[PDB]
Amino acid sequence: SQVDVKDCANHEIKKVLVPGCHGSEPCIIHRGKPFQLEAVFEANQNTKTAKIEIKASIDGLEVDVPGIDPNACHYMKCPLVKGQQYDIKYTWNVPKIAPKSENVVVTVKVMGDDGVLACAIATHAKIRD
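Here is what the cut-offs are and how they apply
- Residue labels reflect position in each chain's written sequence, counted from 1, rather than necessarily the entry's numbering. Residues lacking coordinates are not shown.
- Hydrogens and waters are ignored; side-chain quantities use all the structure's heavy atoms.
- Sulfur atoms of two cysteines make up a disulfide when they are within 2.5 Å.
- UniProt positions are given in the numbering used here, feature names are shortened, and annotations may be inferred rather than shown by experiment.
- Helix and strand assignments follow DSSP, with helices taken as H or I runs no shorter than four residues and strands as E runs no shorter than two, numbered in order from the N terminus.
- Throughout this description, buried means an accessible area under 20% of the type-specific maximum (1.4 Å probe, protein chains only), exposed means over 50%, and partly exposed covers the range between.
- Charged residues are defined here as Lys and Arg on the positive side and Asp and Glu on the negative side; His and the ends of the chain fall outside this count.
- Whenever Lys or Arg places a side-chain nitrogen within 4 Å of a carboxyl oxygen from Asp or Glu, that contact is recorded as a salt bridge.
- Note on contacts: a residue pair qualifies if any of its non-hydrogen atoms lie within 4.5 Å across the two residues.
- Here the rule is simple: two strands pair whenever DSSP picks up at least two bridges between them.
- Only buried residues count toward a nonpolar core, which is a set of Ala, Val, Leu, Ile, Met, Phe, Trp, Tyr and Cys residues joined through side-chain atoms within 4.5 Å.

Draft legend 1. Looking closely at the UniProt feature "disulfide bond" in the protein. Annotation check: the disulfide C8-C119 recorded in UniProt is satisfied, the sulfur-sulfur distance being 2.0 Å, below 2.5 Å. Within this pair, whereas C8 is found in the segment before β1 (15-17), its partner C119 is found in strand β6 (residues 117-122), the two being separated by 111 residues in sequence. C8 sits in the partly exposed class, given a relative accessible area of 39%. In these coordinates the annotated UniProt disulfide of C73 and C78 is reproduced, with an SG-SG gap of 2.0 Å that lies under 2.5 Å. The buried category is assigned to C73, whose relative accessible area is 15%.

Draft legend 2. Focus on the side chain of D59. Checked against the element boundaries, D59 lands in the loop between β3 (51-58) and β4 (85-94). No salt bridge is formed by the buried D59; its nearest oppositely charged neighbour, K100, is found at 5.4 Å. Not counting residues up to four positions away in its chain, the partners in contact with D59 are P99, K100, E102, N103 and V104.

Draft legend 3. Fine view of the pairing of β6. With 6 of 6 residues buried, β6 is to be regarded as a mostly interior element. Linking strand β5 (residues 104-111) to β6, which pair antiparallel, is a turn of 5 residues; within it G115 sits at a positive phi near 95 degrees.

Draft legend 4. Region of the structure containing the nonpolar core. In this structure, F41 and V110 are the most contacted members of the largest nonpolar core, which totals 24 residues. The set of elements that each furnish at least two residues to this core consists of β2 (33-42), β3, β4, β5 and β6. Once residues lying within four places of it in the same chain are set aside, the contact partners of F41 are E12, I13, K14, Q84, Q85, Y86, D87, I88, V110, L117 and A118.

Right, dumping it as structure tokens:
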């Protein structure tokens, strides 16, 4: 369970499941490029909305667009009050061999009602031998 991934906001998370690695290990990319990230993180304040923003740098082709819905407030008892667990998710399929297993690192974060909520990055996905 859990994989290496790293936080980029403020240890305000708890679990981030993404297709690729599963721990300190090394995981390449099985071709076919879908981006499905799912994470749980408690809220540390009050808020009536929380968007989602994926920032992915894939072999010089850093994508800069949203591939899903980022406001689960139209999906769950809004507004969200502090201490309440909040899980965000994203899943968008894409060309099977567009990016070049070499050099891609994704960092996606959910921004609540004040700008921030839970953010986690991931990488381990290149090509060699």
